[PDB]
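A short write-up of the structure that comes next.
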Amino acid sequence: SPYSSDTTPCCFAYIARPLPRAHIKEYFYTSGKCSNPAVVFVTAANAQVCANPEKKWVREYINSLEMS
Amino acid sequence: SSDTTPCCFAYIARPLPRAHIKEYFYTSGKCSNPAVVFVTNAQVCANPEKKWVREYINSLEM
């Protein structure tokens, strides 16, 4: 492919109910260019689910993922 | 939905090789920048104002 994707994933809504923990592969902080400072959890179906960084579960989820 | 929305913060500087273009779409209005994303697999941001962008889109529809 002569070109790689260059779109930027942003968030305009946060998932209300905590995400099934196991069904998560990675996470990443949306770009500072986006309008909302969100958290993104990548599901096993490679879906990119937006989450609120102030949420208790997200906070726990972020720390778990970065610890073997 | 509650899924990420692809937005653009830059536009490619030259026309994409036409034969590689499969489909296209206008990024959500929620995005701060208006843009057309050409799809090949790969998603390339482009300026909705350029002639080749508008013309590529016309060719695609037809």
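Numbering, chain A: per Swiss-Prot, residues 24-91 in sequence.
Here the Cβ of each residue, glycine as well, is placed from N, Cα and C on the backbone.
Feature annotation from Swiss-Prot assigns O-linked glycosylation site to A:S27, A:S28. Sequence annotations record features per position, and here Swiss-Prot assigns disulfide bond to A:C33-A:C57, A:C34-A:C73 based on experimental evidence. The feature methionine sulfoxide is assigned by Swiss-Prot to A:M90.
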Worksheet, complete the sentence: Running the recorded positions A:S27, A:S28, A:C34, A:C73, A:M90 through a 10 angstrom C-alpha radius around A:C57 (disulfide bond) leaves A:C34
Worksheet item: Considering only the recorded positions A:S27, A:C33, A:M90, which residue has the minimal Cα-Cα separation from A:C73 (disulfide bond)?
Response: A:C33
Practice prompt. List nothing but the one residue from A:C33, A:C34, A:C57, A:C73, A:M90 whose Cβ has the fewest other Cβ atoms within 10 Å; the candidates are the recorded positions.
Written response: A:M90
Item to complete: List nothing but the one residue from A:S27, A:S28 whose Cβ has the fewest other Cβ atoms within 10 Å; the candidates are the glycosylation sites.
Response: A:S27
Practice prompt. Find the shortest Cα-Cα separation between A:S27 (O-linked glycosylation site) and the recorded positions A:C33, A:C34, A:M90, and name the residue that gives it.
Written response: A:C33
Worksheet item: What is the interatomic distance between the Cα atoms of A:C33 (disulfide bond) and A:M90 (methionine sulfoxide), given in whole Å?
Response: 26
Worksheet item: Between A:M90 (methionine sulfoxide) and A:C34 (disulfide bond), what is the CA-CA distance rounded to a whole number of Å?
Response: 26
